[PDB]
Every structure is written in C-alpha cells, then in structure tokens.
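Just my_file23.txt here, compact mmCIF, C-alpha atoms and all ligand atoms:
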# COMPACT_ATOMS: atom_id res chain seq x y z
CA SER A 7 0.00 0.00 0.00
CA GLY A 8 0.90 3.74 -0.31
CA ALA A 9 0.00 7.07 -1.94
CA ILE A 10 1.55 10.39 -3.14
CA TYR A 11 -0.01 13.60 -1.79
CA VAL A 12 0.61 16.72 -3.88
CA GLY A 13 -1.63 19.83 -3.69
CA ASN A 14 -5.28 18.72 -3.72
CA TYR A 15 -4.44 15.29 -5.21
CA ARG A 16 -3.85 11.75 -3.93
CA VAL A 17 -2.04 9.40 -6.40
CA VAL A 18 -2.49 5.65 -5.81
CA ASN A 19 -2.19 2.35 -7.74
CA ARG A 20 -5.46 2.07 -9.74
CA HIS A 21 -5.88 -1.60 -8.59
CA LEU A 22 -5.69 -0.55 -4.89
CA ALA A 23 -8.04 2.50 -5.19
CA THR A 24 -10.79 2.57 -2.54
CA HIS A 25 -14.56 3.37 -2.84
CA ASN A 26 -13.71 6.92 -1.63
CA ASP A 27 -10.98 7.31 -4.30
CA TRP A 28 -13.51 6.38 -7.05
CA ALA A 29 -16.21 8.66 -5.47
CA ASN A 30 -13.63 11.58 -5.71
CA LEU A 31 -12.07 10.48 -9.09
CA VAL A 32 -10.03 13.14 -11.00
CA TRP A 33 -8.14 10.89 -13.48
CA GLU A 34 -7.45 7.18 -13.99
CA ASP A 35 -5.47 5.15 -16.57
CA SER A 36 -5.76 1.33 -16.52
CA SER A 37 -2.78 0.96 -18.88
CA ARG A 38 -0.57 2.83 -16.34
CA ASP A 39 -2.14 1.30 -13.14
CA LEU A 40 -2.66 4.91 -11.88
CA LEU A 41 -5.62 6.63 -10.20
CA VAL A 42 -5.73 10.21 -8.91
CA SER A 43 -8.48 11.34 -6.49
CA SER A 44 -9.15 14.79 -5.00
CA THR A 45 -8.46 15.63 -1.33
CA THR A 46 -9.83 18.20 1.11
CA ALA A 47 -6.39 18.66 2.79
CA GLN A 48 -3.23 20.01 1.12
CA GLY A 49 -0.37 17.61 0.15
CA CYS A 50 3.29 18.63 0.44
CA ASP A 51 5.16 15.94 -1.55
CA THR A 52 7.35 17.33 -4.37
CA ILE A 53 7.12 15.67 -7.80
CA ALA A 54 10.46 15.26 -9.63
CA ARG A 55 10.70 16.91 -13.10
CA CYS A 56 13.76 15.16 -14.55
CA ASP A 57 15.14 12.19 -16.50
CA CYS A 58 16.98 10.51 -13.52
CA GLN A 59 17.57 6.77 -13.79
CA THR A 60 18.85 6.32 -10.18
CA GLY A 61 16.81 6.64 -6.99
CA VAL A 62 15.71 5.01 -3.70
CA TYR A 63 12.43 3.10 -3.21
CA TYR A 64 10.60 1.98 -0.03
CA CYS A 65 10.05 -1.88 0.26
CA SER A 66 7.37 -2.64 2.89
CA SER A 67 8.02 -6.46 2.71
CA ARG A 68 11.55 -5.72 4.04
CA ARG A 69 10.88 -2.43 6.06
CA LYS A 70 13.86 -1.03 4.12
CA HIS A 71 14.72 1.57 1.48
CA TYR A 72 16.89 0.41 -1.48
CA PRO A 73 19.06 2.44 -3.90
CA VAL A 74 18.26 1.29 -7.53
CA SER A 75 19.19 1.98 -11.16
CA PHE A 76 15.94 1.92 -13.26
CA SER A 77 15.03 1.96 -16.97
CA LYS A 78 13.25 4.94 -18.67
CA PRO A 79 9.41 4.76 -18.75
CA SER A 80 8.21 2.41 -21.48
CA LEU A 81 5.54 -0.16 -22.66
CA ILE A 82 6.36 -3.42 -20.86
CA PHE A 83 4.49 -6.74 -20.87
CA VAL A 84 2.96 -7.64 -17.47
CA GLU A 85 1.75 -11.18 -16.61
CA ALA A 86 -1.93 -11.75 -15.71
CA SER A 87 -3.09 -11.14 -12.10
CA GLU A 88 -6.52 -11.05 -10.35
CA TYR A 89 -6.64 -7.25 -11.15
CA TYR A 90 -5.74 -7.28 -14.89
CA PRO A 91 -5.50 -9.74 -17.79
CA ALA A 92 -2.05 -10.13 -19.49
CA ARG A 93 -1.35 -6.74 -21.13
CA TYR A 94 1.27 -4.08 -21.93
CA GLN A 95 1.53 -1.52 -19.08
CA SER A 96 2.74 1.94 -20.24
CA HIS A 97 5.04 4.48 -18.48
CA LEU A 98 6.59 1.57 -16.47
CA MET A 99 10.27 1.58 -15.20
CA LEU A 100 12.11 -1.61 -14.19
CA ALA A 101 14.92 -2.14 -11.66
CA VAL A 102 16.59 -5.22 -10.17
CA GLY A 103 15.16 -5.56 -6.68
CA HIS A 104 12.72 -7.11 -4.21
CA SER A 105 8.95 -6.56 -4.70
CA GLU A 106 5.91 -8.53 -3.40
CA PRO A 107 2.20 -7.64 -4.14
CA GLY A 108 1.81 -5.69 -0.87
CA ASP A 109 4.80 -3.54 -1.84
CA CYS A 110 2.64 -1.63 -4.46
CA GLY A 111 2.41 2.04 -3.46
CA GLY A 112 5.97 2.28 -2.10
CA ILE A 113 7.44 5.57 -3.35
CA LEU A 114 10.52 5.77 -5.65
CA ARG A 115 12.49 9.03 -4.99
CA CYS A 116 15.46 10.75 -6.68
CA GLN A 117 17.44 13.92 -5.68
CA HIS A 118 14.60 16.00 -7.30
CA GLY A 119 11.60 14.38 -5.58
CA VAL A 120 8.96 11.69 -6.22
CA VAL A 121 9.54 9.71 -9.41
CA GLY A 122 6.75 7.10 -9.12
CA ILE A 123 5.27 4.22 -7.09
CA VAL A 124 5.82 0.44 -7.03
CA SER A 125 3.31 -1.17 -9.46
CA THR A 126 4.70 -4.61 -10.48
CA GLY A 127 7.06 -7.26 -9.07
CA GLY A 128 8.40 -10.82 -9.41
CA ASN A 129 11.36 -12.69 -11.00
CA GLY A 130 13.66 -10.45 -8.87
CA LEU A 131 12.49 -7.29 -10.66
CA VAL A 132 10.51 -4.28 -9.38
CA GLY A 133 8.43 -2.08 -11.68
CA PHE A 134 7.47 1.57 -10.94
CA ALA A 135 4.60 3.56 -12.44
CA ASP A 136 6.15 6.88 -13.51
CA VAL A 137 4.43 10.14 -12.45
CA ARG A 138 7.05 12.79 -13.67
CA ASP A 139 5.15 13.53 -16.93
CA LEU A 140 1.88 14.43 -15.06
CA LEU A 141 2.72 18.15 -14.92
CA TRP A 142 -0.95 19.00 -14.00
CA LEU A 143 -0.35 17.42 -10.52
CA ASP A 144 1.32 20.78 -9.52
CA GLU A 145 -1.66 23.05 -10.44
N1 LIG A 201 0.55 -3.35 -12.39
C1 LIG A 201 0.01 -4.55 -12.36
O1 LIG A 201 -0.58 -5.05 -13.32
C2 LIG A 201 0.17 -5.32 -11.06
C3 LIG A 201 -1.17 -5.50 -10.32
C4 LIG A 201 -0.97 -6.22 -8.98
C5 LIG A 201 -0.20 -7.53 -9.17
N2 LIG A 201 1.03 -7.32 -9.96
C6 LIG A 201 2.28 -7.62 -9.56
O2 LIG A 201 3.22 -7.59 -10.34
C7 LIG A 201 2.47 -7.96 -8.10
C8 LIG A 201 3.30 -9.20 -7.91
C9 LIG A 201 4.51 -9.15 -7.23
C10 LIG A 201 5.31 -10.27 -7.12
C11 LIG A 201 4.91 -11.45 -7.71
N3 LIG A 201 3.75 -11.59 -8.37
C12 LIG A 201 2.94 -10.45 -8.44
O3 LIG A 201 1.79 -10.72 -9.02
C13 LIG A 201 0.79 -6.70 -11.26
ZN ZN A 202 15.58 13.36 -10.60

Would you encode the structure as structure tokens?
Ligand SMILES: NC(=O)[C@H]1CCCN(C(=O)Cc2cccnc2O)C1
Ligand SMILES: [Zn+2]
Amino acid sequence: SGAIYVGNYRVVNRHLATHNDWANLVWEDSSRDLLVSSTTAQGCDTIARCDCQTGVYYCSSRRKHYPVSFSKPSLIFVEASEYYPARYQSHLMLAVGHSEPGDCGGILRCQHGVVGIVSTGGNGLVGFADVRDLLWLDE
C-alpha cells in the first residue's frame, strides 16, 4: 500500500483504489495502473521533473529503502493477475530488486523528488509507475 499527496491530489495504484478514491475520481489510466483522487487537505510531496535513472524506493516487505538503477518509462508486458489480464503496461520503469504484491504504493524518490510508485514485481524485478510527466499534478 501507499499514496503520493501533492496539492489537492492523492495518487495511488489504480488496482488498490478505494470506494472513496472512485467517489472523488479526477483521473485514472488502466494501462498505467494509476488513479488520482481529489483531497480536502493540502499535500506537500514534491514531484520530480527530470530524466533521472537512479533513486531510492521503499520496500514494505523488508521495512527497508533500497538504492536502484531503473530503466526509462516504457511499454512493458505484465503477466496476468486477479486485477488485470495479461497486457502491456505503459510508463513503467524496471529495476533489479525485491517486490511482493503488498509492496505496491511504495514511493521511488530521486534527488529531485517523487519519481513514481511500485506497481509490479516478481522474478527479482521491481516495476514503478512513472508520475514525472503528469505536470498537471502541480496546479
Ligand atoms: N501493475 C500490475 O498489473 C500489477 C497488479 C498487482 C499484481 N502485480 C504484480 O506484479 C504484483 C506481484 C509481485 C510479485 C509477484 N507476483 C505479483 O503478481 C501486477
Ligand atoms: Zn531526478
């Protein structure tokens, strides 16, 4: 689990969005596994606006943060799960590292701020849903 709070927005994995997230829906993209809902309170997370390929992500299944090198956002095939059939997920970044289903929502950070959130895992790889291109999150 986990979310990003910036301005009047809450960014979560689309497959983990709650009834309240859907009742306050701003934007959602199934191909990216992203959902954004509106919030009453102000968020103070800073979104990174960069092309970094190194950062640190939080891994709840280990209660640890890990420094990782990660690929640029792209269309990557993702195996079927109880949330989605087998499909290509867009804006996804891969790194070598530990990830279990409950790790989705862990934030990936670089020197500039929030890069994205854990969205896929398995085979010793961790995938992150990029959020750096969503410039509207800051207004
Ligand atoms: N973005 C998605 O489509 C994800 C939806 C939740 C399940 N997904 C995973 O990759 C989680 C996982 C981790 C480790 C081993 N197996 C798993 O299934 C896919
Ligand atoms: Zn950066």

Show me which residues are within 8 Å of ligand ZN 202 (chain A) counting only C-alpha atoms and all ligand atoms, and format the list as a VMD selection string. chain A and resid 54 to 61 115 to 119 121

Around the point (-4.9, -8.5, -12.3) (coordinates from the file), which residues reach within 12 Å if we count only C-alpha atoms? Answer as a PyMOL selection string. chain A and resi 20-22+36-37+39+84-93+95+107+125-126

Restricting the calculation to only C-alpha atoms and all ligand atoms, which member of A:104, A:25, A:16, A:68 is positioned closest to ligand LIG 201 (chain A)?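 Of the candidates, the smallest distance to ligand LIG 201 (chain A) is held by A:104.
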
So, counting only C-alpha atoms and all ligand atoms, which residue among A:76, A:15, A:94, A:142 is closest to ligand LIG 201 (chain A)?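 Closest to ligand LIG 201 (chain A) of all the choices is A:94.
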
Considering only C-alpha atoms and all ligand atoms, state which residue in the set A:30, A:96, A:105, A:43 is at the smallest distance from ligand LIG 201 (chain A).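 With only C-alpha atoms and all ligand atoms as the atom set, the closest residue is A:105.
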
Long-range neighbours of residue 80 in chain A as number ranges by chain, 8 Å cut-off, all atoms listed in the file, 4 positions minimum in chain: A: 96-99

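If you measure from each of A:114, A:23, A:120, A:141 to ligand LIG 201 (chain A) using only C-alpha atoms and all ligand atoms, the closest one turns out to be A:23.
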
Nearby residues (all atoms listed in the file) at most 8 Å from residue 8 in chain A, same-chain spacing under 2 positions excluded, as a list in words: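 Selected residues are residues 10, 18, 110, 111, 112 and 113 of chain A.
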
Can you list, as an MDAnalysis selection string, every protein, DNA or RNA residue that comes within 6 Å of residue 40 in chain A when you count only C-alpha atoms, leaving out same-chain residues fewer than 3 positions away? chainID A and resid 19:20 34:35

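CA of residue 65 in chain A to CA of residue 132 in chain A spans 9.9 Å [interatomic distance, one decimal].
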
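For the pair CA of residue 129 in chain A and CA of residue 62 in chain A, the separation is 19.6 Å.
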
Pick from A:75, A:67, A:26, A:14 nearest to ligand LIG 201 (chain A), counting all atoms listed in the file: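 With all atoms listed in the file as the atom set, the closest residue is A:67.
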
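Between CA of residue 70 in chain A and CA of residue 11 in chain A lies a distance of 21.0 Å.
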
Per-axis box centre and lengths in Å around ligand LIG 201 (chain A), 6 Å margin per side, axis-aligned, as AutoDock Vina command-line options:
--center_x 2.1 --center_y -7.5 --center_z -10.2 --size_x 18.5 --size_y 20.2 --size_z 18.2

Identify which of the residues A:101, A:74, A:12, A:31 lies closest to residue 145 in chain A, counting all atoms listed in the file when measuring atom-to-atom distances.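 Smallest distance to residue 145 in chain A is found for A:12.
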